[PDB]
Every structure is written in C-alpha cells, then in structure tokens.
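In listed order, ligands and their atoms are each counted from 1. In what follows, chains carry the letters A, B, and so on, assigned in the order in which the sequence lines appear, proteins first and then strands, with residues in each chain numbered from 1.
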There are 2 protein chains.
Amino acid sequence: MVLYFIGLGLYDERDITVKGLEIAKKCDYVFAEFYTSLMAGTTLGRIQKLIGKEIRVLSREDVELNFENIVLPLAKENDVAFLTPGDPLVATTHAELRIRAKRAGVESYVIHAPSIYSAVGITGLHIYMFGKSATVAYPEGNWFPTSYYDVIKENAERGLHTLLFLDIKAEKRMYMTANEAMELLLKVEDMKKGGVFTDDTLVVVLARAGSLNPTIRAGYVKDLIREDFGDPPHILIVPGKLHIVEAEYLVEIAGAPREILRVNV
Amino acid sequence: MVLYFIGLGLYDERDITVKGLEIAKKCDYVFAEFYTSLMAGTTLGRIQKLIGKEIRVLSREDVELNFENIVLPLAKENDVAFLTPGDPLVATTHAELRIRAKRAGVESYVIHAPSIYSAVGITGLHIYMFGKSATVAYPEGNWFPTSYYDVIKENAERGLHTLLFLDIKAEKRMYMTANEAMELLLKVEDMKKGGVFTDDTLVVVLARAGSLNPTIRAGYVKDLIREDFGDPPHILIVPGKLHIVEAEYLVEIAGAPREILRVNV
Ligand SMILES: Nc1ncnc2c1ncn2[C@@H]1O[C@H](CSCC[C@H](N)C(=O)O)[C@@H](O)[C@H]1O
Ligand code: NA
C-alpha cells in the first residue's frame, strides 16, 4: 500500500541518506530510473549491493507511459521503493507520478537527498542570489535551443547568478562538458549579440559535485573554455554581481583570478 | 588532519547521507551548530548515538567570532567534523569558514545532505522557475526589515516563484511560522502598497520537510494565515506564474482551491 520515492543523491552509492537506505532495505520491491540523471561515481551493481536487494531498472517509457502498470500494481499490495538520482521531484517530471499513485489508491512518501540545486552552495555563491535556472541542451537537427541565453541575461540584469544544467543523454551515459556549453553560449552570443556571454564573462564550473574531490573552477571564458575539468557531470554557473565574500571564496577555493575582486564585485 | 563540513539533513538523524555518517564515525572530534535551522524530528542524543561520538555544540558567536580559535586548531592534528542542519552551505555563511580553514593550513571537504532549497520540490512547483530567494526576518525593537518584500516584487514581475526562508532565533527558541510570516508581509504591503502580497495572493506552505508526513498546503493568504500547519520549521513560498502541471499537483496534493487549475494565460 506504500510507494517510497527515494533520492540517491549526487554522485555515488553513499550519497543516499541513511533513512533512504534503511527504508529501501525494508521494501518488498525496489525500482530505479537512471534516465533523468546519472550517478557518475557508481554503478547499478554497487547500489544494489549496498541495499542488499535486487533492483529493477525502468526506462523512461516504462515510467512515463506505464508507471501505473509496472510500479503501482505492486505498491498496492506491498512496500515499494522507487529510486532516482539526486532529489526526487527535482529536475524531473516525477511530481505527477505522485498524483498517479493517489488515483491508484496508493500512499506515497518522499525521502529526500542532496540535489545539485543545493550542492552548488559549494561554489561559495550565496544560494539566495541565484535566479531562474536553465538547461543548455545540445542542438540537434532543426532544433537549436537558445532559451538559456535569455535566462542568463535576465538574471545578470538583476545581478543574479544563473545555474546551468548541461545536457545529458542518460541512455548512452554521455555528458555535455562545461567546455562544450561555453562553446555553445559563445555561438548564441554571436547570433543574438546581446553582450551576455563573451570571452570576458566570468563563469564557475562544478564537476562531480558529491565526490570528496569535486573540481571547482572559476575564471573568464577565454581562459576556461579549453581547460580540463575532469570527468562528468559538469555544471556551469554564470554569476551576477559578486559579494566580496563570494569573490574571495572563488579566488581561494576555486583558483579564480584576483581580477574578479575588482571587476566582478 | 582535516576538517569535514557535514550536513545532517532536514528533519531527523537519518537524513544524513551514508557518506557523511561513515566519515563522521571516524573523526577524532565532532563539532556542530544548531542555530541555522531546526531539526524537529531528532535530538542531540540521538545524533550522537548514530555517529557514536560526543558532539560539541557551538553558538553563533563561537563560529563567526572564534571558529579559527575553537575548531581549526584541533583540525591541524586531528580529523575534525563540523555538523549543521540541512546542507551546511545553504542559507548560511559557513562557506566563508572554508577560507579560514585554508589560510590555517587545514584542508577541508564538504558532505552534502538534503536541503530545504531543493526539498521544496515536494510542493510540485518547478524548481527551475524559482527566482531570487529571501529571508523573512523578525523585526527587533523598532527595527523592521522589509527587503524580502522587494524580492517577491521582483520575481513576481518576472513570473518567477519566491522562496521565503523564515527566521529563527535558536537561543530564544523562536521559530517563525508561515502564519507569522504572512502577518509580517501583509503589514509590509500596507506600508509599501505595491500589490505584491495581499489576502488574495496564492501561497504555498511546507512544514517539517524531511519527515514522512510533512504539511504541504496551498491557498490564498486570507484562508491560510489562520491555519495550523503544525510545529516548525516552516518555509513560505509565493508562486509566480503557474504552469498547469504545478497547479494540478497543488490541487491534488496540497489541497489547493480547485479554481487555480484554471490558470491565466
Ligand atoms: N525541514 C524543513 N521544513 C521546512 N522548512 C525548513 C526545513 N529546514 C529548513 N527550513 C527552512 O529554512 C530555514 C533555515 S535556513 C538554513 C537552511 C539549511 N542549510 C538547509 O539546507 O535547509 C528555516 O528557518 C525554515 O524556514
Ligand atoms: Na533556484
């Protein structure tokens, strides 16, 4: 009669909360989805071993089209866990799955976990200063999205920071790098010419948030666009005006140039 | 010899990540602060038992004034952990403490935990649609802070949602309820008269996120300002322009007036 949406956290199998792990172990069935995001620092095998029970992975189609035929039927008569990377209901459309559970007469509870939305706090940027967020998607065929560019412009105009999720092809486990995102942004700038993203734009890159050794780098585009930030996932942030404390953190912890203390503050 | 900033999560001792618990268990000294937020589902004793370590609780002044005098010295010759509610770098000024650590020759690491900043996803609102955030501060004496009202105004003009952290005076055990925040805002509305927050404004309240049965409610201020949402902590949200799917969830899960389904376009 109960369905638990459990977050797996940011990077590896230990990023799940103790609450999530203990509940998952008590469930009769454990499902998981790895298409809304990825756990780059672990494998299905390691997660399965930590929990101690076999996990059935579900495709996007399984969930979006048949959640009520695969998961809900079991949740009606048993305790079922639905594992997802990050925080459940964040950076996904899983919220509506709770409505489906309600209509199926199934109770649902949410076990939270760290999300990149909060983890970016490790960049030293004040969380309250972040504005609207966006995703930098890979251009493909006749679709070349550029909406993210307007998001940055509107946030920066108000001195707010912009969190940019970088595209990911979950199935293939292929991640867009900060470098590629910077390349695309420069191309959108070349077309829109709004003076929003250029070689002199200060950006922050967060790679592998969650690991004990994430890469946290800050600097001007012309300098970071060709830098190696290590393995995925990569997150790109375009800061607005900086508080002196944010800037010093960037300099001290993220190797940002001293110039930002007089240019971006 | 290192310093670990470890988040404990939203509600109880099990909201810590497995990564954080195992690391904390192996630290020589463990410090903590419980003034940046309220964990309503556990006790210091229960946390100590989980980690198997005696915890030295520090006051705001201990941290802001003497962190480098109380914690860092020990971190030079021992593995030290500093625990905080939720995520240590969200809606706190602890990030700055990493700068102190570095200049003290102490390497530091961060272990994330579920944060209210992303847990609000349980309200069904699109997390990417949130704009600048603000804190509703308690007035003190004749000093009446109101800058948070302007934050809502700015986001609303952009159609963005506004996350309102509510004040907390730990030492005085003062935890601002959503009701109190609504009262303060209505008073600020009468002063500035900007049509930003009124009896007819739609708001969302999230109480005790992290618990299995948090309070999730949505409705007009006039109707909710007198409602009992249970014990603190509480977080208040003023949605901007709603998407149909957000409205659907608020109605289905947060018991919002079915009339919001008919969104304005
Ligand atoms: N479990 C919870 N439920 C509802 N609101 C919460 C909450 N935890 C924190 N808050 C909100 O956030 C305020 C603390 S601000 C510090 C937040 C913390 N670092 C985090 O990551 O969550 C509280 O006064 C309250 O308004
Ligand atoms: Na945000």
Side-chain angles (χ1 to χ4, degrees), chain A residues 87 90-91 110 112-122 125-134 151 155 160-165 237, chain B residues 5-12 15-16 33-42 83-95 110-123 125-138 148 155 160-170 173-178 180-181 204-217 229-237 240:
Chain A
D87 199 345
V90 177
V110 181
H112 297 286
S115 156
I116 189 68
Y117 275 106
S118 54
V120 287
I122 194 169
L125 297 170
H126 302 318
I127 288 297
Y128 80 97
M129 287 302 287
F130 281 77
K132 182 178 182 178
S133 302
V151 173
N155 283 333
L160 305 177
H161 312 315
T162 302
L163 176 61
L164 296 175
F165 285 83
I237 297 171
Chain B
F5 289 78
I6 307 174
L8 294 184
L10 307 155
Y11 184 68
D12 60 57
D15 294 329
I16 184 177
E33 60 90 353
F34 291 102
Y35 63 81
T36 53
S37 190
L38 171 58
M39 291 184 77
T42 188
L83 322 174
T84 75
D87 181 292
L89 312 183
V90 174
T92 71
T93 57
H94 298 324
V110 182
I111 311 303
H112 302 284
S115 167
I116 187 62
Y117 193 69
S118 66
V120 286
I122 197 171
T123 66
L125 296 174
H126 293 335
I127 301 298
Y128 78 92
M129 282 297 290
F130 278 72
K132 186 179 185 174
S133 296
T135 297
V136 179
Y138 275 123
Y148 50 83
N155 291 331
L160 303 181
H161 309 316
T162 300
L163 177 60
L164 296 173
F165 292 102
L166 305 186
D167 212 349
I168 167 179
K169 298 298 185 178
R173 278 192 165 183
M174 286 170 69
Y175 312 106
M176 185 187 282
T177 62
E180 296 183 301
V204 176
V205 176
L206 176 53
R208 303 177 309 292
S211 64
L212 289 178
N213 294 289
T215 297
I216 313 173
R217 290 280 295 111
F229 304 114
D231 293 318
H234 293 183
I235 192 82
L236 181 67
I237 299 176

Hey, mind stepping through B/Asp167 and B/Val136 against side chain to side chain contact (heavy atoms under 4.5 Å, CB included) and telling me if it holds? CA-CA 6 Å; B/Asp167 212 349; B/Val136 179; 5.9 Å; no
With side chain to side chain contact (heavy atoms under 4.5 Å, CB included) as the test, would you mind laying out the steps for B/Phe165 and B/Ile235 before giving the verdict? CA-CA 6 Å; B/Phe165 292 102; B/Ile235 192 82; 3.7 Å; yes
For [atom], what's the nearest protein heavy atom and its distance?
atom	answer
atom 7 (C) of ligand 1	B/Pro233 CG, 3.6 Å
atom 14 (C) of ligand 1	B/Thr36 O, 3.2 Å
atom 18 (C) of ligand 1	B/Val90 O, 3.4 Å
atom 24 (O) of ligand 1	B/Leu166 O, 2.7 Å
atom 3 (N) of ligand 1	B/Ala209 N, 2.9 Å
atom 22 (O) of ligand 1	B/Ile116 N, 3.0 Å

Which of the atoms of ligand 1 are close to [X], meaning less than 4.0 Å from one of its heavy atoms?
X	result
B/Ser37	8 (N), 9 (C), 14 (C)
B/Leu10	1 (N)
B/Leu206	4 (C)
B/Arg208	1 (N), 3 (N), 4 (C)
B/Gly86	20 (C), 21 (O)

Answer yes or no: is there a side-chain heavy-atom contact under 4.5 Å between B/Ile6 and B/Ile16?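 Counting from C-beta outward, B/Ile6 and B/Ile16 do come under 4.5 Å.
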Does some side-chain heavy atom of B/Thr177 sit less than 4.5 Å from a side-chain heavy atom of B/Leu166?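 They are not in side-chain contact.
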Atom pair [atom1] ([X]) and [atom2] ([Y]), whose distance is rounded to the nearest 0.5 Å:
X	Y	atom1	atom2	value
A/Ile237	A/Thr162	CD1	OG1	9.5 Å
B/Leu8	B/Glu33	CG	CD	9.0 Å
B/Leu163	A/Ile127	CG	CD1	10.5 Å
B/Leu89	B/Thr84	CG	OG1	7.5 Å
B/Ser133	B/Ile116	OG	CD1	11.0 Å
B/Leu83	B/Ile111	CG	CD1	11.0 Å

Can you find an N/O atom of [X] closer than 3.5 Å to an N/O atom of ligand 1?
X	result
B/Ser115	yes
B/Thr92	no
B/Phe165	no
B/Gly210	no

Below 6.0 angstrom between ring centroids: does that apply to B/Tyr117 and A/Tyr128?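 Judged by ring-centre distance (under 6.0 Å), B/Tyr117 and A/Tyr128 do not meet the cut-off.
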Do any N or O atoms from the side chain of [X] and from the backbone of [Y] form a donor-acceptor pair under 3.5 angstrom?
X	Y	value
B/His234	B/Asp231	yes
A/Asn155	A/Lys132	yes
B/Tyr148	B/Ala137	no

Examine the side chains of B/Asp87 and A/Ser118 and answer whether a donor and an acceptor come within less than 3.5 Å of each other.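 Distance-only check fails for B/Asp87 and A/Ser118.
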Min heavy-atom dist B/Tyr11 to ligand 1 below 4.0 Å: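 It does not; every heavy atom stays at 4.0 Å or beyond.
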Within-3.0 Å protein N/O/S contacts of the Na ion (ligand 2):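 Listed by chain and number, the atoms are B/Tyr117 OH.
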Does B/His234 approach ligand 1 within less than 4.0 angstrom via side chain, backbone, both or neither, non-hydrogen atoms only?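 Answer for B/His234: backbone.
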Specify side chain, backbone, both or neither for B/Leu38, according to which of its non-hydrogen atoms lie closer than 4.0 Å to ligand 1.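 It is neither; nothing of B/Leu38 touches ligand 1.
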Nearest heavy atom to atom 11 (C) of ligand 1 wins, so pick from B/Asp15, B/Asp12, B/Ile235.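 Residue with the shortest heavy-atom distance to the ligand atom: B/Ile235.
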